[PDB]
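Alright, here's a single protein chain in two forms, structure 1 and structure 2, each given by itself as structure tokens.
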Structure 1
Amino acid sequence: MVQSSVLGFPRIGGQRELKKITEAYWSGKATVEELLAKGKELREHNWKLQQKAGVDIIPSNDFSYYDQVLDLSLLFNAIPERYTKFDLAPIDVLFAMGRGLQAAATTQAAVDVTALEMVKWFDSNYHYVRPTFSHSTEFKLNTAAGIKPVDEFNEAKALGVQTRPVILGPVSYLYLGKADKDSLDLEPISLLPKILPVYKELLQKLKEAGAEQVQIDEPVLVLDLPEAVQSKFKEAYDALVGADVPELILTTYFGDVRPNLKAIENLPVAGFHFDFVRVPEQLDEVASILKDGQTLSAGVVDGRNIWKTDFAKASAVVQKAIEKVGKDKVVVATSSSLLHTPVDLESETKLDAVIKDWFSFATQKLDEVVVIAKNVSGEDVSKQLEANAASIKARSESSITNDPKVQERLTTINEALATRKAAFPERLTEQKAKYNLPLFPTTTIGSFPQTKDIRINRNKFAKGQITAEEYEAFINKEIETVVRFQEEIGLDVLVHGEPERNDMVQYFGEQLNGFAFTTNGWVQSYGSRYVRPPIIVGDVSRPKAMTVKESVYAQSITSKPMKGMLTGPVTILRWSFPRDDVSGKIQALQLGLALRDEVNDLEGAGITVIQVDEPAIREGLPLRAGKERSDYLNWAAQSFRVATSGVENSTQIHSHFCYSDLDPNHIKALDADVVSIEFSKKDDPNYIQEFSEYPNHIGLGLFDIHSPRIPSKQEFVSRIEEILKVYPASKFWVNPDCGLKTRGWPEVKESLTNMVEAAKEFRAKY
């Protein structure tokens, strides 16, 4: 009777309960008791949900108030000193690392401190708070905050639910972290010896509590790892394994671990886990490594995409496994945590029933693994296979999916379609001459605060409580407000705030043929911010203009130059749920050609300064050097270039990138005139050097837009002075790290006023 396993479940709630309480707590409208109360409530719900679904192995510690990595950075006490000298409570220290904190002296005692870096969790649009280590860091097992994975195991057990804690392992933990600036000579992985005795302690604490088996994520194995890292796995797991700890199920996902087999082919663990959705072909080789005892969790229900599973194909993999290692040592599992999927599809009432029948969100995926497991167990689930098999046939055969007019148009793509009419140095002279822009020119990145008044009115529109005529009126008020202000403040190149845009990708899925999109289809991106990425189901085209009506009005009320704003083709792909049938290369290209038509429409409609965001360009990079990556590099830029290479030289193409380990050389391939690079929040020591040679114009981001912190005019100056030491002023632009949707108005005002005030000084010194 083959068992089922889930690697992690989405904590946000079916009604984003979690967001709502977290944001309340942050704004002083809910007590700390009330936040923790609701945490419990959700934890309880989701465990019970899975229990009822029939899942055998059920995760614990997958819950988090912000990020499960940081959660460990807390537990193990990797807490930069600067966060400690304010008598904050564990929970608030946690949040402060997250989003900084700043309150003047109230009883309440005065704090001001930044936030730690945030980066892509592998090739996903989930972002973790990056561990930050230092020579001073004393790894102890913190008990002040409680001990989370213990306490949550116990909770579950007190509802009769036996769970499998999930912990990021020492090697991944370190390798993914970073040295703090007070300690540049520090490889994070060198602390392995200091940290194990902590992981060890935790583990015994868990064993005593009742923990049979523990999932311990070591996903770094899907990456290119130098030889000196690979040898540290044995050291690590040799240390931890024992009679006083639970059995450990070394867990990998998102890619291929074969290059690292030597690393792990003689470890003491109780079993492994692998992603046979992304890399089914690795099964024979990895299964080879299993010395008796050990179990193989067979990751076969996609924790990263929402296409309904093919029960035939999936069960065939699990049986290939069963052939190699015995039915009794095999487990049907999600390929990854379902963190990256929405909660429940049944919450969606406005999708074509045909299309809906093609999908499965988290709740459904629980049934999925339950059924496949049952299948291979010899049990009758005939009725579910056929229905499932129907769902597949249908998908397979659809008039929706294909659009010949597109497929042809693809063969119009060549070098010329993706080269501008002249080189940057020649376009600058034309642009300088049109725009008359001043030295140290100031601008922002697009979005301005997404005020509940905007959210409520988009919604009243969606739901017919107001006419289109009324919505246009409302949007214009708000673009007017957003301009009038930008003018007030002194900004040079303007934007329009994106008031009319739910999300920089969803606004587009709602407008392009080939898509679907959700109402309650939300996934966490970081902290309390979530998105409901759209879904690509067919061949992509743009039948109308998407953003002209708005930007033309925008341009019409200001003499100032104004940006249009799209989302480049790679980002639309990467932050959508991609197609099952086809490659992403084919999808980007379609998007490129499709986005051209908007870009062109803009130029034609008067909007001669245009920004096309491409922030996922690094995210979307394949997890391993070789054929697939070097292809990615080439088509990924090409598609971008496709949507931008028809413009006149007098037109100013802008881009933007953020919250990623950016590769300048690839960014450069886009030959954009001007870009915005997230720099402040990420405290990257090298970004300055590594972008020493960037040939086109550039604005490294001057303040962290994900903290309510207002930076001094002084903190702007410092950063600038710092950059100017490696870069000439005739290139440098001044802007924030990213957009301002999440920000409130008070701090928007004051922080830009400072930014600009500061730019204005360097203006006059030169």
Structure 2
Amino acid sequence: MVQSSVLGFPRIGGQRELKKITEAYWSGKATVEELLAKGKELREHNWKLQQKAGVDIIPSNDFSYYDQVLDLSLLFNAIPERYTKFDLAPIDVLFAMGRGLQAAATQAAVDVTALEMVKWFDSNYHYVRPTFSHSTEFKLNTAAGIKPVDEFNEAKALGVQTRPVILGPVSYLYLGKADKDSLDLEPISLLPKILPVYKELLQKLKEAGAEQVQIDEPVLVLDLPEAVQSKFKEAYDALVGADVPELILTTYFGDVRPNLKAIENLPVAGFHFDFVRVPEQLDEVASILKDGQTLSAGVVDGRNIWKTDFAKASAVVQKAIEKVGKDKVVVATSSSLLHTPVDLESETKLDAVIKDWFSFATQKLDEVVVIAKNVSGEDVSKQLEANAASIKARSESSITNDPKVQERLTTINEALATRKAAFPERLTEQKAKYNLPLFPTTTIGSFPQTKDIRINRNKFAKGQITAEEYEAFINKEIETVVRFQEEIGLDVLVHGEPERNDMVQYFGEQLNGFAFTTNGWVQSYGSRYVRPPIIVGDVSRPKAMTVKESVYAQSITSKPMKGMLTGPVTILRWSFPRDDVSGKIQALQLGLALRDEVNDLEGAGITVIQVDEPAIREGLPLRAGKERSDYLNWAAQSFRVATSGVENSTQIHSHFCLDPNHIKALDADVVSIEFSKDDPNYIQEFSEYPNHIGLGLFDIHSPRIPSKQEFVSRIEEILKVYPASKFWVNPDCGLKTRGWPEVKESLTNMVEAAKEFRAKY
């Protein structure tokens, strides 16, 4: 009987219960008792769901109040000393590490900054960086409760035997970093210090009744130095024994084969591999399995929302079985379901035809169960036919296939992805048209939204005000924002984006080929969740998406007004993508759609246009090689397809917040980049690059208003390495999140600073 397995379950709650209780706890509205009770209710509900679905191997320890990686840091005492000085209980040290701590002045006021949040591989999840010192003393924090033991026992008392999930020692160290007081520390060097702590944990788990543990080593999908590769043998020889559970060494998101020698002689009880991302590694990883080791075949996607093709997924599982035996194969999710929304049944608005194409986390439980039944030999012909019916329906739908878009993709060529002239030529035309001063000043697009704008957006959404009346409210807010920038002397203006509530959905809703959810929430970081759009079909742009507000904003000033678009790569990366066509094709369709928009802005007199690509690094393939170099190429091509239809005197800006070669490949006239927190070398990499650059002069995610003189010095430092003729002056990013008084004196200072450089030059 081939078993089914789930690597982890989203913990947020089908009604975002976990957000609501954690935020109430942080705001003082809930007690720690109420927090802990809600966490227990969620874990019970999710274990029972899984048990009811028939899943054999059910996870525990996959729950968290903030981040599972930080949970391990608390558990092993990797807690920087600065957090321990406030008589905080362990849960509150946890939350301090994750989200910072502010305490009144007595001493000057406390503001302890959170530990760094880091992207978890190429997922859209973020973890809290494990942070280590020379003095770090790893040990089990017994008084804090031992989370994996306690949750295991909690499950067992409900009659649900689980498999605890922990991040393994190699990955945990390797993904961490040295704290500021220990900059010469290599985290992996600490392996002999942490191994005993994992061994004690594992002993305690075995003593509690856990017979198997899922031990995640996802760094096996990265390019690993040889000296790191040898550490798996060291680590797992130490851990495996009679006194601990069986270990299933678990990998996801990529290809382990370059590291196969590292895991070919381990004493573990089995492995898990991701055959959704890399089905082609099956043969080779199957080939190294020892006698009795088992193979967990990850065939239900943990990172996207499409209904699994049961035939194709069973076929992958069957190839494994043919190599190693029915007795030694498990059917699994490819990764944790952390990366999927909770339940498709919550959607109130999607048409049944489209819903039929989808499976969210709750549905994926049934999938792994049915697939394991099918390969075990049970008659699930009904479920298979029903599944094959669904698959076939999507394949043929006109929603998926738009022949006009297909025809347009064939038109893509070098000319479509190249400006009419190179930058030096273009610059001559732009100097004639705009005559911008040296050290031109600008901002990134968004400004603080009033309370009245947010109330009116709600009222418009109910028809309580007419479209005409909402437009008037938005234009009034644009006027205010333009008037402000004029009075303080900014040279290239923006409209403040009051009409936009999200950088991707604002465009998706106006594009064909997209579907949206009502409750499709995924954890991004802590209690901050995203509800990604879904790309369902071929993408096109029926009409103007942004032109009206930008033309209004340009109409009330003689200063150049930036139009403002999210780039194709970001819209793709922050959506659930199609799994039937490449990311490349999706990005090029998005590039063509955005080209119509750039073209329409230019035509309407908006001849300065910025394209925001915050998510460019985020799709970077995980290993060096052809995939990675292809991605950088198509990512740049898709941006160039969006932007290369314009006249030479039209000024294209790109905002990033990356490899300088890639930046240069976009051939933007002006770039802005987050830069206020680095190497003076990267700056010199664009010494001889003619196109212009604005390095962010202050942190928009903080609010400590820099003086005029503070700006002058930050600029003098860049000028030592960078010519004055190319330098633009701007903030790090948009100002949507900041308050007006901070915005106003900071901006006023920034301009006053630039003008001093204009006098000197």
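For clarity, a rigid core is taken as the largest C-alpha set superposing within 1.5 Å between two forms. Numbering for residues begins at 1 and runs along the sequence of structure 1.
Aligning the rigid core between structures 1 and 2 and inspecting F361, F272, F153, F640, the C-alpha positions shift by 2 Å or more at one residue, which is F640.
In the core-superposed comparison between structures 1 and 2, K434 has its Cα shifted by at least 2 Å. Relative to the superposed core, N61 undergoes a Cα shift smaller than 2 Å between structures 1 and 2. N754 is among the residues whose C-alpha shifts by 2 Å or more between structures 1 and 2 once the rigid core is aligned. Look at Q689: with the core superposed, its C-alpha moves 10.2 Å between structures 1 and 2. Relative to the superposed rigid core, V301 shifts its CA by 0.1 Å between structures 1 and 2. Here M504 exhibits a Cα shift of 2.3 Å between structures 1 and 2, evaluated on the superposed rigid core.
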